[PDB]
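First up is the structure itself, then whatever we jot down about it.
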Amino acid sequence: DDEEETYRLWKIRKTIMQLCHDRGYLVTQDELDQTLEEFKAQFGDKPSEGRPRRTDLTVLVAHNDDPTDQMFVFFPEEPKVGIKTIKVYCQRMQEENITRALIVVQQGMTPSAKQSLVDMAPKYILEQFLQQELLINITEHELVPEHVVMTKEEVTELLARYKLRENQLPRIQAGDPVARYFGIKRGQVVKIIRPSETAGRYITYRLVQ
Amino acid sequence: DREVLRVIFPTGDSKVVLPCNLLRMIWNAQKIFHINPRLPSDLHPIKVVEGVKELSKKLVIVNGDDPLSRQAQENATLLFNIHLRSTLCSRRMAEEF
Amino acid sequence: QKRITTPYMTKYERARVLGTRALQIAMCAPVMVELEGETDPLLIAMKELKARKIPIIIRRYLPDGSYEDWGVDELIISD
Amino acid sequence: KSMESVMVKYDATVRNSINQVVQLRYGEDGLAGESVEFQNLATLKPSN
Amino acid sequence: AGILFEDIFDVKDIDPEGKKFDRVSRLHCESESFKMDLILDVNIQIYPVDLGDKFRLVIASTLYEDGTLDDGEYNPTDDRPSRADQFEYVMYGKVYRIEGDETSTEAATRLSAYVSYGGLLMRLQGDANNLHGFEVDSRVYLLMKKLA
Amino acid sequence: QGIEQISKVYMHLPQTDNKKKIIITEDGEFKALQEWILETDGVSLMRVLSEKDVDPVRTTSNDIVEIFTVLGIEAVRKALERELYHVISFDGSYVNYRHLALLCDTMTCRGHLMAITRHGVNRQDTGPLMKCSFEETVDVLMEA
């Protein structure tokens with residue numbers, strides 16, 4: 001169906017806007033609170049043989065702190081992203097000189113392509129996201145507490161206050177769904193703020209490892 | 001504090017576990033000092049406000065004046081301080097206790 | 001100076017300070033407090049603890065490897 | 001055996017034998033379980 | 001005199017809810033002079049009471065009728081004249097609650113005084129002016145004399 | 001039709017307040033709403049959450065592993081606390097939260113679900129002597 005499929009595109013885009021906004025990228029308010037009709041009106045048709053194309057759904061956002069820093073969100077049309085598709089995106093990133101990008105895959109990536117992202121990880125950071133994952137914002141789930149990425153200055157202050165080593169903190173896997181949501185790499189520290197039934201509020205810190 | 005509580009306890013269950021039983025402590029104070037509930041009180045409402053503020057500073061779980069220690073100290077005693085403020089409020093100290 | 005540990009004596013410090021001081025008294029160590037008809041070394045240590053006269057320094061090891069030396073008189077006894 | 005080494009340290013954090021932080025404060029409030037009591041938050045339920 | 005309250009009551013009900021205890025009955029009595037409502041637990045075994053019985057109730061802070069405080073200890077050997085000699089049923093209790101119709105601004109017109117006589121409970125309702133001598137946590141004596 | 005791995009779905013109105021929807025009205029009171037909730041016989045948390053007309057905020061799975069792989073280590077930390085609280089408080093028994101919170105923290109301190117078996121307690125970087133005293137006394141010491 002097309003009415004169902006277009007709903008996915010709007011919902012996936014909404015999560016990306018929230019994901020980008022939560023990552024500190026400049027996402028305007030109307031983009032976040034964009035209705036399905038507004039998305040449907042903006043693209044004006046249905047996916048199958050219609051105006052809204054996954055290629056035309058690409059999103060470019062700029063970090064609030066550094067306007068030069070930017071990120072792509074690519075929606076590959078093919079169900080399985082191959083090496084050639086990644087190189088197309090990799091070549092495109094070179095033209096705009098953008099380091100970080102997001103690929104919202106339909107079903108999965110061919111194993112060679114998955115290795116390709118890691119191979120180019122230093123120069124360019126490409127993050128694979130499954131389409132099913134983006135259909136919801138896990139950060140909005142009740143079980144998920146508030147995650148805040150700590151700046152290097154804050155992490156230094158944290159360890160100094162508690163006389164702690166990095167390995168002494170609780171860990172969060174780099175592949176954690178929330179860690180992937182925030183695009184945190186190994187060595188970064190996540191500040192988790194939780195409601196506590198005893199204290200009222202509790203802050204814990206998780207190192208990405 | 002009321003709105004903070006609503007987030008901590010969305011179900012609205014006011015039963016909590018906290019260190020000091022303030023209601024019984026007040027009851028002990030009434031008996032120890034023979035408080036007469038019928039007569040007007042000589043406790044200034046401001047002394048209640050200032051007294052509770054001074055008390056909150058004395059109840060320290062995370063010592064330290066740095067912002068990280070101050071925030072943890074605020075979080076560690078958030079629930080008790082809310083309970084303390086809503087029990088030792090000036091209105092209630094003069095109305096029922 | 002520059003102590004971050006609690007100013008109160010913990011129940012585990014009280015148990016060992018009293019037990020350690022009792023053995024010292026039992027081994028003919030001088031009694032810092034005046035005793036009247038007290039012959040049990042453990043009861044004498046209790047009097048010294050109440051009088052804050054136990055000549056023992058508690059060294060609290062912090063997780064980072066450092067320690068804070070507290071005199072038994074400095075700490076606040078539970079009673 | 002999975003927690004026999006977890007302890008409240010003198011810096012008030014909860015750590016295991018490896019010295020890893022399990023809780024920054026015991027129970028998230030730094031209090032012991034013997035002293036706390038059941039009490040009612042008087043400001044939660046009542047209406048505006 | 002050291003008398004906090006004195007009046008004559010008529011028993012209306014002996015146990016409306018039912019006989020909760022074998023040796024104790026809950027009298028529901030009303031006065032005719034001050035129109036004070038009285039609920040009283042009485043040791044019905046030693047001091048039987050019947051419906052319609054009339055008795056004189058005195059609530060006093062002391063028994064010596066000289067103003068001397070009893071101090072609240074058993075002194076059987078005391079030979080000092082006692083107000084209890086004129087009454088048949090004497091109980092010693094503690095007032096543990098004083099309720100009233102007081103509002104935020106207006107004072108109380110009706111007052112309820114609750115007294116526990118070692119577990120036997122008494123409530124004395126009526127006009128506030130008639131119960132001004134009652135102060136919570138104070139020791140009072142209940143003296144009852146059935147009137148023929 | 002439907003989602004694979006979800007064999008049977010039960011629909012019922014929750015009488016207990018725990019599964020009811022409690023909201024705050026205009027007056028500021030706590031009102032519980034009698035709303036339908038579906039309980040399945042299988043777990044497809046990721047699929048079910050994305051479904052339309054399904055609440056993606058409260059929809060939860062009792063399967064700890066499903067929560068971890070869908071929501072993260074902190075979500076499973078909270079879910080593990082709720083599930084453990086359910087078994088303890090099922091018969092009205094009460095345990096102080098701090099004891100429950102401590103067990104959950106040790107099971108999630110390393111960023112992954114650590115079982116309280118030998119496969120989770122001996123894998124953590126503790127000394128071999130501690131490990132040998134728990135289980136696999138010789139295999140633990142041979143590896144050391």
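Chain letters run A, B, ... following the sequence lines, proteins first, then strands; residues in each count from 1. All heavy atoms count here, side chains included; hydrogens, waters and symmetry mates do not.
- The pair F:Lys31-F:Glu26 does not count as a salt bridge, with every side-chain nitrogen at least 4.0 angstrom from each carboxylate oxygen.
- Judged by distance alone, the side chains of E:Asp66 and E:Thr68 never bring a donor and an acceptor atom under 3.5 Å apart.
- Residue B:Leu22 comes nearest to B:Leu84 through the heavy atom pair CD1-CA, 3.7 Å, listed as atom of the first residue, atom of the second, then distance.
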key: Verdict with reasoning, E:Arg139 to E:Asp70, per salt bridge (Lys or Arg N to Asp or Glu O under 4.0 Å)   = CA-CA 9 Å; E:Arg139 311 292 173 152; E:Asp70 56 302; over 6 Å; no

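- E:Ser116 and E:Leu121 make their closest contact through OG-CD2, 3.6 Å (heavy atoms, listed as atom of the first residue, atom of the second, distance).
- When atom types are taken as modelled, the side chain of E:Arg23 and the backbone of E:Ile46 share no donor-acceptor pair closer than 3.5 angstrom.
- For the atom pair CD of F:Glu35 and CD1 of F:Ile23, the computed distance is 8.0 Å after rounding to the nearest 0.5 Å.
- Taking all atoms of both residues into account, the shortest heavy-atom contact from E:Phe9 to E:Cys29 is CB-CB, 3.9 Å.
- Between D:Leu44 atom CG and B:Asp1 atom CG the span is 12.0 Å, to the nearest 0.5 Å.
- For the pair E:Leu27 and E:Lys12, the minimum side-chain heavy-atom distance is 4.5 Å or more.
- Side-chain atoms of F:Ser89 never come within 3.5 Å of backbone atoms of F:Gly92 as a donor-acceptor pair (strictly under, hydrogens ignored).
- In this structure, the side chains of C:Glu13 and C:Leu75 come closer than 4.5 Å at one or more pairs of heavy atoms.
- The residues C:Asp73 and C:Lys53 are annotated as not salt-bridged, no charged nitrogen and carboxylate oxygen being separated by less than 4.0 angstrom.
- Between the NZ atom in B:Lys53 and the CG atom in B:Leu88 there is a gap of 13.5 Å [rounded to 0.5 Å].
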key: Residues E:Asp50, E:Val11; criterion side chain to side chain contact (heavy atoms under 4.5 Å, CB included); working and verdict   = CA-CA 7 Å; E:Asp50 293 330; E:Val11 183; over 6 Å; no

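- Residue A:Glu142 is tested with F:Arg82, F:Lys78, F:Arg58 for a salt bridge (charged side-chain N to carboxylate O under 4.0 Å, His left out); the sole match is F:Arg82.
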task = Quick one: do D:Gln23 and A:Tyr202 satisfy side chain to side chain donor-acceptor pair (under 3.5 Å)? Show the steps, please.
result = CA-CA 10 Å; D:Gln23 307 181 317; A:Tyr202 183 60; 5.9 Å; no

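- Residue B:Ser90 holds its OG atom at 9.5 Å from CG of B:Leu43, rounded to the nearest 0.5 Å.
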task = Apply side chain to side chain contact (heavy atoms under 4.5 Å, CB included) to B:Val60 and B:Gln73, showing your working.
result = CA-CA 7 Å; B:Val60 171; B:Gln73 164 57 22; 4.0 Å; yes

task = Applying side chain to side chain contact (heavy atoms under 4.5 Å, CB included), run through C:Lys11 and C:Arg16 and close with a yes or a no.
result = CA-CA 9 Å; C:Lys11 68 173 81 175; C:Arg16 204 167 140 194; over 6 Å; no

task = Determine, step by step, whether D:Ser47 and F:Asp27 satisfy the side chain to side chain donor-acceptor pair (under 3.5 Å) criterion, reporting the C-alpha distance in whole Å, the side-chain angles of both residues, the deciding distance to 0.1 Å, and the verdict.
result = CA-CA 6 Å; D:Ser47 79; F:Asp27 305 327; over 6 Å; no

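- The aromatic rings of E:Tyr92 and E:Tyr141 sit tilted, their planes meeting at an angle between 30° and 60°.
- E:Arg83 places a side-chain N or O within donor-acceptor distance of the main-chain N or O of E:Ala1, the cut-off being under 3.5 Å.
- With sequence neighbours excluded, the residues forming a ring pair (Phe, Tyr, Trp, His ring centres under 6.0 Å) with E:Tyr89 are E:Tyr47, listed by chain and number.
- Using a 3.5 Å distance cut-off with no hydrogens or angles, the side chains of D:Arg25 and B:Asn75 do not pair a donor with an acceptor.
- Close placement of the D:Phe38 and F:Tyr94 rings is indicated, their centers lying within 6.0 Å of each other.
- Put simply, the side chain of B:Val17 does not reach to within 4.5 Å of the side chain of D:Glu37, judged on heavy atoms.
- Every residue meeting the side chain to side chain contact (heavy atoms under 4.5 Å, CB included) condition with E:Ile8, not counting sequence neighbours, appears here in chain and number order: E:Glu32, E:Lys54, E:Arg56, E:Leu147.
- For the pair E:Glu17 and E:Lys20, the tightest heavy-atom approach, listed with the atom from each and the gap, is OE1-NZ, 2.9 Å.
- Under a 4.0 Å N-O distance rule, the pair F:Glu81/F:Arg77 qualifies as a salt bridge.
- Contact of the E:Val90 side chain with the E:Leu142 side chain is not registered, since no non-hydrogen atoms from C-beta on lie closer than 4.5 Å.
- Checking B:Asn36 against E:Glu135 by side-chain atom types alone, a donor-acceptor pair falls below 3.5 Å.
- A cation-pi arrangement, defined by a distance under 6.0 Å to the six-membered ring centre and an angle within 45 degrees of its axis, is present between E:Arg80 and E:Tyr64.
- The shortest distance between side-chain heavy atoms of B:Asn81 and B:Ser56 falls below 4.5 Å.
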request  = Would you sort out whether E:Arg26 and E:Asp15 count as a salt bridge (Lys or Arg N to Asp or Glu O under 4.0 Å), showing the intermediate values?
outcome  = CA-CA 5 Å; E:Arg26 178 161 282 203; E:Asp15 272 314; over 6 Å; no

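- To the nearest 0.5 angstrom, E:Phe5 atom CZ is 6.5 Å from E:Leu131 atom CG.
- Using a cut-off of 4.0 Å between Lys/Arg side-chain N and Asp/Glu carboxylate O, E:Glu102 and E:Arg110 are scored as not salt-bridged.
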key: Audit row: D:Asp29, F:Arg98, salt bridge (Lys or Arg N to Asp or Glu O under 4.0 Å) steps and yes/no   = CA-CA 9 Å; D:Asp29 57 3; F:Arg98 68 194 63 262; 3.1 Å; yes

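- When all heavy atoms of C:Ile77 and C:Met9 are compared, the closest pair comes out as CD1-CE, 3.7 Å.
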key: Candidate pair C:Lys50 and C:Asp79, rule salt bridge (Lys or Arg N to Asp or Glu O under 4.0 Å), full reasoning   = CA-CA 8 Å; C:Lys50 289 167 170 193; C:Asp79 60 80; 5.5 Å; no

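- Using a 4.5 Å heavy-atom cutoff, the side chains of F:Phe30 and F:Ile24 are in contact.
- Within a 6.0 Å sphere centred on CZ of E:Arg97, other residues, nucleotides and ligands contribute 12 heavy atoms or fewer.
- Note on A:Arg201 versus B:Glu74: salt bridge recorded, some NZ/NE/NH1/NH2 to OD/OE distance being below 4.0 Å.
- Within the 4.5 Å cutoff, the side chain of B:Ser86 has no heavy atoms near those of the B:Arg92 side chain.
- A distance of 11.0 Å separates CG of C:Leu35 from CG of C:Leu43, quoted to the nearest 0.5 Å.
- Salt bridge status for F:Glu29 with D:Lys45: absent, with no side-chain N to carboxylate O gap under 4.0 Å.
- E:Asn75 and E:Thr77 share a donor-acceptor pair across their side chains, judged by distance under 3.5 Å alone.
- The main-chain N or O of B:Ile35 is never found under 3.5 Å from a side-chain atom of B:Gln30 such that the two would form a donor-acceptor pair.
- No side-chain N or O of E:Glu99 forms a donor-acceptor pair with one of E:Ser112 less than 3.5 Å apart.
- The closest side-chain heavy-atom distance from E:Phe55 to E:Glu88 is not below 4.5 Å.
- Nearest heavy atom pair, residue D:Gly27 against residue A:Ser196, reads O-OG, 4.4 Å.
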